[PDB]
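Engineer: Structure for this input, please:
(chains A, B, C, D, E, F, G and H, ligands or ions: 3)
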Amino acid sequence: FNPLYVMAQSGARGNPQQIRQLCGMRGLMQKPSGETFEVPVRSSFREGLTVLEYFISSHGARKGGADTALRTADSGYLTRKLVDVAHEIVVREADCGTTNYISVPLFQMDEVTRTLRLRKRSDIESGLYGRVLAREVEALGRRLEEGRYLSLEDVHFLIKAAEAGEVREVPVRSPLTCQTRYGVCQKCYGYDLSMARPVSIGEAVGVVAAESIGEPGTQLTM
Amino acid sequence: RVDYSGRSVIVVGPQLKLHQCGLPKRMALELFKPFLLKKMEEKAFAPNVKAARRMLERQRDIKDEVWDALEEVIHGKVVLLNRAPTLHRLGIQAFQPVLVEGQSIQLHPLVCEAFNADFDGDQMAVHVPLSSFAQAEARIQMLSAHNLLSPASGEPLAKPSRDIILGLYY
Amino acid sequence: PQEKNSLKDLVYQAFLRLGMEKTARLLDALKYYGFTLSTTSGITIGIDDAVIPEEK
Amino acid sequence: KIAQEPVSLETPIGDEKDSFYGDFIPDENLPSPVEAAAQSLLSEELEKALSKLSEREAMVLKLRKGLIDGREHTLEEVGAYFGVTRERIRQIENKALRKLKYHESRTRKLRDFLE
Amino acid sequence: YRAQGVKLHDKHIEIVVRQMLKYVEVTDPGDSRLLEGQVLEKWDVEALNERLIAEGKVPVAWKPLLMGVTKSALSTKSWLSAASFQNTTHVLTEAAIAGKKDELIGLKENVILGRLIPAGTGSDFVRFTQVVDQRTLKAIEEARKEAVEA
Amino acid sequence: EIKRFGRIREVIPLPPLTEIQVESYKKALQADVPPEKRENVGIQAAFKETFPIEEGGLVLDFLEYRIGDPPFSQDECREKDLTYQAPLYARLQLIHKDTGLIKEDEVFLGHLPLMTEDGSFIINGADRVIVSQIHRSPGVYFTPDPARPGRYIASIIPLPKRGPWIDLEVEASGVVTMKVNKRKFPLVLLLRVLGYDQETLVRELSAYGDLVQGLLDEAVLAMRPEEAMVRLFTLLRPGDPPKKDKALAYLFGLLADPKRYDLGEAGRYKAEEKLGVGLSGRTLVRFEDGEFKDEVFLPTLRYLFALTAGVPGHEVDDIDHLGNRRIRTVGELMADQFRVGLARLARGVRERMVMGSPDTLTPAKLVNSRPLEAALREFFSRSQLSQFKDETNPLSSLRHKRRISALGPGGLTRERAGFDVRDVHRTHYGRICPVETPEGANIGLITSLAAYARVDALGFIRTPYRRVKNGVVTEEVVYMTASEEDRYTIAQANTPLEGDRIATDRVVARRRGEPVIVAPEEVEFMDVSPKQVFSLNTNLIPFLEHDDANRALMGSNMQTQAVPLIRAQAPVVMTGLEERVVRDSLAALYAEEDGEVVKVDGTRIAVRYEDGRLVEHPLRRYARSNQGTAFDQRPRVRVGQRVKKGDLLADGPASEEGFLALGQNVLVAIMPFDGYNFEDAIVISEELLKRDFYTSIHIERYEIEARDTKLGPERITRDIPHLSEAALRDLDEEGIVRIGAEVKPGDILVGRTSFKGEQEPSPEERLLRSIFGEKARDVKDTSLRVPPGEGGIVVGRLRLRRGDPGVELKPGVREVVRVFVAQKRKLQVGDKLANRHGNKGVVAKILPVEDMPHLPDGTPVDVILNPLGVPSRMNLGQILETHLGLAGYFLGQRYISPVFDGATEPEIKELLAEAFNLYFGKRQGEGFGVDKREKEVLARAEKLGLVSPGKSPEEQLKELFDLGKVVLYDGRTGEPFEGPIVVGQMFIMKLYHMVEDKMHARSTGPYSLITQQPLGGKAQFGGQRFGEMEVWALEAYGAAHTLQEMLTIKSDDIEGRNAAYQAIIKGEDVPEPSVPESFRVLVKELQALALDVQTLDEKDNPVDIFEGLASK
Amino acid sequence: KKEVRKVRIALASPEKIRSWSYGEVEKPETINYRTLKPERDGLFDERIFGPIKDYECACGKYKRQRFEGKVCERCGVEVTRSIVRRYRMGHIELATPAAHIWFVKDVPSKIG
Amino acid sequence: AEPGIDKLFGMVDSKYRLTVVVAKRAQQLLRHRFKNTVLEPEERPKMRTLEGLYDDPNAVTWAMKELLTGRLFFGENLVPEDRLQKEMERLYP
Ligand SMILES: [Mg+2]
Ligand SMILES: [Zn+2]
Ligand SMILES: [Zn+2]
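Structural biologist: Residues are numbered from 1 along each chain as shown, chains lettered A, B, ... in the order given. Ligands and ions are numbered 1, 2, ... in the order given. Take a look at the structure below.
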């Protein structure tokens, strides 16, 4: 029932490393050259840090800060670029009339780790959710229809079937294969992720895409 | 840069609902001024538009009449709230004028995560759509209450946060 | 016990099944209740609330 | 005072790279929406406050004001157009003025625009 | 993105990528007016080849040309788009030299123009939608039968 | 009662904190120093380097220079809006070589600004400060090639404007090339006139083998000095024909010239002690007997080629090392620009000689003021290093003065700064504060000087270290530079001492910033105090050891933004540096000698000193600052008590009894409250507004200018044509507002009438004019009316009219009228509050005293901060401040807890135990037991195990109390909070940002002339900028008409916004716009580029957006 | 009157430039040092670019909306809105022809 | 908020169609001063005011409830535009 642990577990506030710095050792530090220091900082914040520890940790710290700032700049950069390239992409036709598609694999392969492994659920959702089935799918004694919009439940079912090993590939209509002129069309695109239903015509998905990729642009350090 | 616009530092909205924000009184008076001129034209007190405008400009005589009239033009209409930097489309969301004392704009706690807003002195902007067409666009597809799931992810954006999680977990 | 992921799947399931308005209501309800209960809990942070393992 | 030079409109303001000197200059040459609306309401309200007069005196007034061709028709000109003497025109306009004094003393619609 | 812990759907990235490789380099122009190595859009050469097959002529062979998002957007049909982006001088020069006509298909050129944006409610699909009520509908419903009698 | 903690006792006091600016500008002036005995450095260095000049057969010369007395004092210059400056008179003797004519004659120079006692100047009636600059020290250095991984490139370099950069780089042919001013040429070709040939370059030169042959070119070695002089003059300066004398003069001015090329004295010394050689002057080469002789190039090529061989003793220099970096202080900069202007003046003199009458000319006719005047004017007004002083509080100006910037002219800029100059080097330790720095694109660039850090004559920052001999510490404190520190091994200030000598066998030490555990036998030095490792603001954070670096940074930066309060109080727990902060800030009045107070009142504190003299100290009361924060001095002394020397008389805005008072001490409860504290928002008890806590005074000043326009003269008068009686009330005589009058937004501060441009009234207009019969009169009303959102009371009154003494007003302008307006600002919803630990916040709704989480004695808390802000930002210092604040509130004493020598957990716990004994003891002394609700909370705390089971409620409440947590009752219910909640005294700060200033909205205002866009900012009554990203947002939504209104009607479209405002006024729906009107500007601009812009139609036909306008 | 669905950009011939031109600016002044009126042939000249005041000519002979489009006989100022000074373009006839620096300096130089 | 928004979404394929519909309907209502309404006195969206409970002046809301009823017909090329507006003014002064 401790406040720190509770805020951590519930997802209210704080991460294991912050709690690590607030309870256990603050860890090992990195000198400006980039090679890690030979001696640790021992005591946590609540124990208090000696002058030296604080100094080295300040090297690392300000390094981090400069990183974040330059990174917001570059985020604005990339965002504007993407917006400029994808702006013309808009839902126009309900059906562009193409038989072309892409097959999304449910299994990746860790190299030198040999055996094919089932892709983590979030990735599979990231490629399958909202998608329209290119062609018929047969798994687990049930069938999935042509031109069906896959819901979350449908994706989880396809995962269950992938574990069941009847499907290693998911045929799906994609913007990539879409024949729509100066943009993409409905079924080739998918659900409108905000409303969890088939995308409304006239939706400009290029700008939406550009922003969608753009916002995360400020969170990449590690 | 645009006419019919403003900005202020932000304050949490705990009593307020999702489709609402706390748009302050003075800011609203200046923002909606033409509408207020017409509503003062219809509702007695001054003969015409000019009398209303001259009334409002000199001598801040503001009286319950003009405030209730302000809430007469306000009702049902929504305004757009903006937080810089604008990354998502969710960086701009529709909310309602609610006349409140104090110079700070009140914002809903759930949509903060969408604007990437904390109150350290962060500031937000207010724009008012004029035409009934634009108003329709604002209340229908641009409304905060109507936008929940993240268009980027497909997982719901407007979300319980901090204290809320703490209590439900609790 | 309810937490971020659980509450999230709750909200999404509610959106997918019930509807938009019902979910807005649900959200604000969880807001009011969550806040009031957070107040009632009296959850606070002292210096000894960051307890050290004796093994350190 | 003559010797001094003009200032470059592009002269930087503050340490900011986003601002010039010239774009801080307002336009007084161009009527503001409030001003156009003000002139509109003035012309309209004056038009309605004019209509309660006799036809002739109103016509005379708007001949004097420039409400017709924009120019200013004196005395004799008005007398020449309506076929009467100029003095009569004078008395006519004075009378008009005072009648407007009454009705405006009532409605208070035109009591503004007094700046 | 997944390494960082940020989850986003593949659709967006796919759209951007399709915009990246959208260009083609011409090899053996065949019977067309094209020249070797001339760069143009996918759908354009596709259509041209369709018509050429229908016309009983030799189609145009080509190769997939993928470029960075910057140059991809820089090579776009709309000159206002490329002008507003960056490298304004080069664009404008090539543009005016060729005397290219912007058809205002994209949204941001219309944004420059201050014209109703081709997307959203301004989409040509939903913007011509008409709205009537029963009584007015019946009035104008009589309007059609009184025209033939006059 | 005030309690001190920690065992570390600083043997040396903090040196004067304003000393960098004051002393540096002192050395560059030498005012009291006689013109005879002066130091030849700074301004006199400029004089001696610009003189004598000879070029008929005139010979000038200098003699002395004289500082004038200021024509106006500080205050006068400030309220006249004139730079504070004094005339500088150079005494300069003119001679004739051939004639023998001596006309000595004094002369003028210009006006030189004087630095005040605080260390800031005044330019144009505005207090400004010149920040210290950081660049790399002069000398020569060696770094590995960016292009070639296998070798080391060489670099030679002097002071800026003192001559060009030099690079010795081996190109990969095997041949060598030199680069100065962007160009290429072999070294031998330069060895040239320096008296070297094939043999002299192969003689010693090879310990090498392979490295000798890449140097030699026989074609160049064949030709001898003046020929290859012509050659290098042909290469390096292609513009003029390759003359021999031109080559001689030019390349003499490039290198051998002591004036034109000045290599730093520090660079002279360092380069002399690096290459293993010695140097006569500061010049790269010497011009002697008509031939050039080598100084620099030979030993630096020696060291270059040696290091590249791999021979021991030679190594690559560290670029970011502070031993290779120096500080430009204010005096050196001022003298630099001074000598530039002096050079321009030299050229003026040189132009004026060759005309007129070369026989008789006084130096008065030969010399002009403007070159130096405009040079200094340009440096003080324009230059980036010169910026607006921070007057928000005393500590603001103090830190602003101690600030070190890498930016500015001669330095670096935002773009070329990577992780190189932004990072923290090993040697930043006792010199540059590792934490304090802006949280912006400027991180790592602009930093602050450390507390004990000092800048010597050579510009090298040095820091105090106590020498220790065989475990025994010496009272001798040595100031050591970066390299000097690098040589020795230094212990730590917290190392255990047993009465002046070392105790432990394992001592914490360092060799060149590398932590090492080592014995007392080999330690030659020790830190004076941990305080020297941080800046001033950082040193004001108690328990800094428990706070993360980021939030510490934020803490200091926010301490800078501090606004003074009326009741403002010094923190309960302090680090002890606050006193010296208020002292060296010079915002407080002290006793200069021993004496007695003979009077007080709020104007003059008079003291009769022991020396017999009666000296009164005038008190500044409510003086407007730069940011508007009031500067006030409240005397604390009784009449008739004898003061010591240096003793306090009157406080400052930010001072309490000689202690720094930034914010106030309030009672904080850490807990969630109804989601009002959500996201670091701050609930506040309304009680603060009752006690006038966090109430600040802000004076804003407005000015107005009566001119003579060609139309007619402007005039300040009470008479205004259409003005009603009631609006003219406080205007008493000349049309100026009286003193002590409340001014509402829209009210007239001062009246003014300017003749309108003569034009007709419109037909309708003149119809109106006739109807009311009110004479259309002449002049129109220009009067100054206080801007919206602003208002207050009138204190100050100033009128400067021309034709009157003491004031010279610019041409065309009759009189300027200026009014001080002071405002009383209580804490409002939306205002900003923060602590010393870097916890930001906005005021989110205030709460009535009725419902508050209170104590069993009925004492309500003053804030209710949110705990959720704590674990992410990782600042635990505020927690400790809250605990000690609780103990301090109860036992009624304050604390001093220095940085890194602090109070500890057991100490604080003990104080909590004592305070609890007093508190609960007083509870039972008043005849009360333990409340039932408390038994409930104690029970549920026992189940979760916050208290030991089996112990009585007294002992459990005791165990809970020292934890900082007490029982709290909800003022709304009366029921206790389920869990215990930490409460106590926290030091919290009202900052600069307020809703009062930052709330603005606009409907229809002024528009720009070029394009019809509305103006920016609040001051201009501007509209909000809608960015491209926001356009992308609207497009993403798919709102077409919203985006349309944004792009047309509501922004710049003339007919659109007009017809729209018309429609809303008449109650319609706004029409569809047409032309954005900025787009038409775009079209015609494109046409100005001779590009035909055709706007076509559905069928490829011209559509003219200019309607009957440009058609022709 | 008609919709604008298309915008093109091309090279403006000298003839087109002269067609746009309401006159040549001969004299390199701006305004008189005192009267602050546009100089005779100067850059700000009303005789070509149009009047500073709506419908009011320079001399002040034709004063009203009544007269429209008629050139005044002294100043040569067209009676019309004062807004035309934003649109109407002038020109400078060059003695010896010169090149537009764009088609020269552009990365793939066009004339080159 | 705007109740029935889910059903409103269900009424049309693309949302922007709905937005266009509500916009134009609110336009008609503002034009004719709420006399072209298909609503009934009980269904009229009443704004609460101390002076009295009046008709909500907001046309958007009116259009929302109006389309929520279903008495409204919408579509492309439904009726000639000219005759539409013509008799639209013919019915209501
Ligand atoms: Mg913030
Ligand atoms: Zn498709
Ligand atoms: Zn004329």
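Engineer: For the chain, which segments count as strands?
Structural biologist: Answering for chain A, as no chain was given. Using DSSP state E, the strands of chain A run over A:102-105, A:107-109, A:116-118, A:132-133, A:137-139, A:142-144, A:169-173, A:191-192, A:197-198.
Engineer: wait, chain G
Structural biologist: Counting by DSSP E, chain G has strands at residues G:6-11, G:21-24, G:89-91.
Engineer: So in that sheet, which strands flank the second one, and in what orientation?
Structural biologist: The one in question is strand G:21-24. Sheet pairing here is set by DSSP bridges, and for strand G:21-24 it gives strand G:89-91 (parallel).
Engineer: Point out the residues in chain E that sit beside chain H.
Structural biologist: By C-beta under 8 Å from any C-beta of the partner chain, the residues of chain E that approach chain H are E:120-121, E:123, E:125-137, E:139-140, E:143. Every C-beta, even on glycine, is put in place using the N, C-alpha and C of the backbone.
Engineer: longest helix in the chain, by residue count?
Structural biologist: Answering for chain A, as no chain was given. Scanning chain A for the longest helix, with DSSP state H as the assignment, gives helix A:51-86.
Engineer: Can you look at chain D instead?
Structural biologist: Under DSSP H, chain D gives helix D:86-107 as its longest helix.
Engineer: If any of the residues of chain E next to chain H are buried, give me the PyMOL selection for them.
Structural biologist: PyMOL command restricting those to the buried ones, with burial defined by 16 or more other C-beta atoms under 10 Å in any protein chain shown:
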select buried, chain E and resi 120+121+123+125+126+127+129+130+131+132+133+136+139+140+143
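Engineer: Check whether stretch F:861-868 comes near chain A.
Structural biologist: Yes: with C-beta under 8 Å from any C-beta as the measure, stretch F:861-868 is seen reaching chain A through F:867, F:868.
Engineer: can you tell me the distance between the two ends of that stretch?
Structural biologist: Separation of the first and last residues of stretch F:861-868 by C-alpha to C-alpha, to the nearest Å is 19 Å.
Engineer: List the buried residues for that stretch?
Structural biologist: By neighbour count on 16+ other C-beta under 10 Å, the buried set for stretch F:861-868 is F:861, F:862, F:863, F:864, F:865, F:866, F:867, F:868.
Engineer: go on, stretch F:273-293?
Structural biologist: F:274, F:275, F:279, F:282, F:283, F:284, F:285, F:286, F:287, F:292.
Engineer: Same check on stretch A:29-42?
Structural biologist: A:29, A:31, A:32, A:37, A:41.
Engineer: Now do the same contact list for the fourth one.
Structural biologist: It stands for residue A:37. A:28, A:29, A:30, A:31, A:56 (C-beta atoms under 8 Å, 6 or more residues apart in numbering or on different chains).
Engineer: do the third one as well
Structural biologist: Contacts were defined as C-beta under 8 Å, 6+ apart; by that measure residue A:32 touches A:59, A:63, F:320, F:419, F:423, F:424, F:425.
Engineer: For residue E:3, grab the count of nearby residues.
Structural biologist: 7 (other C-beta atoms under 10 Å in any protein chain shown).
Engineer: With the flanking residues excluded, which residue is spatially nearest to it?
Structural biologist: residue A:222 (7.7 Å; C-beta to C-beta, 6 or more residues apart in numbering or on different chains).
Engineer: Wait, that neighbour touches residue E:1, no?
Structural biologist: No: contact criterion C-beta atoms under 8 Å: residue A:222 and residue E:1 do not qualify, at 12.0 Å.
Engineer: More neighbours: these two, which one.
Structural biologist: Shown here are residue A:222 and residue E:1; by other C-beta under 10 Å, residue E:1 has more neighbours (14 against 6).
Engineer: does that one belong to a helix or a strand, and which?
Structural biologist: Here residue E:1, judged by DSSP states H and E, is contained in no helix and no strand.
Engineer: Having no further points to raise, I will conclude here.
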